[PDB]
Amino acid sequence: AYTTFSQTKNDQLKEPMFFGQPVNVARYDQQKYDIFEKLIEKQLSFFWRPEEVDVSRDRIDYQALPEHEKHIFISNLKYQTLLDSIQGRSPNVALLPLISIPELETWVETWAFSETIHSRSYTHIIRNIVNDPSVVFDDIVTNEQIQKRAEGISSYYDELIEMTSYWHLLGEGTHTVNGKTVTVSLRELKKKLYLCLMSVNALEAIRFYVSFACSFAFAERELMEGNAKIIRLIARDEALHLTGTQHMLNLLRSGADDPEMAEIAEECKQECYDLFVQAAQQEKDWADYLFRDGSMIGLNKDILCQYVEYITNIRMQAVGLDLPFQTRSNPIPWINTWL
């Protein structure tokens, strides 16, 4: 069913965002949703290379950090690398096969490209602060606390792609596979898409900004400044990324794109809320691991958990969800200088 160039001459302005006729001609003179066009332009205007940031000073800082402050910084840096390793590949393998409008197709691909620059910047930092980078990269796969968030986040992607395959190959209806019962449903497939986008919105808008705060806390003490300068560029990119998933969710929810999405977006509003909750608690439990051996000036388990609730409320309000925590003010306002 899927084609890398659909031969039908369709009006791309009336196609839905997802599950419509796959995009054939890539044109940029017209947009159904002009937000994705200007996200492309903003992201292109922000193009930066990791190597233009001097991280050479961060080796001295890192060796001077006490062992627990090393553990805080390295554990936070490894989580960032795991996160954008998944964000490097997943938007292309998962969203691209489903897009039916050209402006969104290009943004998803530009979005994923920006994540490879983020991934390369993490290598740049690691190479310049530790003696053996292999130890860092290998722990990312074999860290018990890291594998928890890793397999949960990827499942929203994998379940979408595996069901994408059943749909492109069979279509709707109940099918038989070696005697097994396979019932492919379009509503169930787009149910897995909406949830996936909700998960990715929490990843970029909530989980990553927890790490930014941890990275800038070192910057506030005038430590790991090369690292912080890079995170400043990552953060400015992340703002575009969460904005994109925000409009995608709101447009599908409003029924203007797909009216069938409106009913599905309400039917799964509970599990969307519950997803953001589990993500927030997972980040709280992560702070217990970060400060397992102690804390540092400007950041501890308590202060960070307040920033989790603070940012979680904001992001959930922008996607039309109810707030799960007390409406409180910013516990670390110094972070706004870096954003």
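The first residue of the sequence shown is number 1, and the count goes up from there. So that the term is clear: the rigid core is the largest set of C-alpha atoms that superpose within 1.5 Å between two forms.
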Of 234-242 and 145-153, the one with the larger RMS C-alpha deviation from the shown form in 4 other deposited structures of this protein, core-superposed, is 145-153
After core superposition, the stretch with larger RMS C-alpha deviation in 4 other deposited structures of this protein, comparing 284-292 and 40-48, is 284-292
The stretch whose C-alpha atoms carry the larger average B-factor in the entry, 121-129 or 264-272, is 264-272
Per the PDB entry, mean CA B-factor is higher for 100-108 or 176-184, namely for 176-184
Entry record, C-alpha B-factors for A26, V55, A279, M296; the maximum is at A279
One of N227, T142, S75, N92 has the largest Cα B-factor in the entry, namely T142
By the entry's values, the third containing the CA B factor of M248 is the middle
Assert third(CA B-factor, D257) within chain per record equals highest
Split the chain's modelled residues into thirds by Cα B-factor; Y157 lands in the highest
Among the modelled residues of its chain, the C-alpha B-factor of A1 falls in the third labelled highest
Temperature factor at the Cα of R292, chain-ranked in thirds, falls in the highest
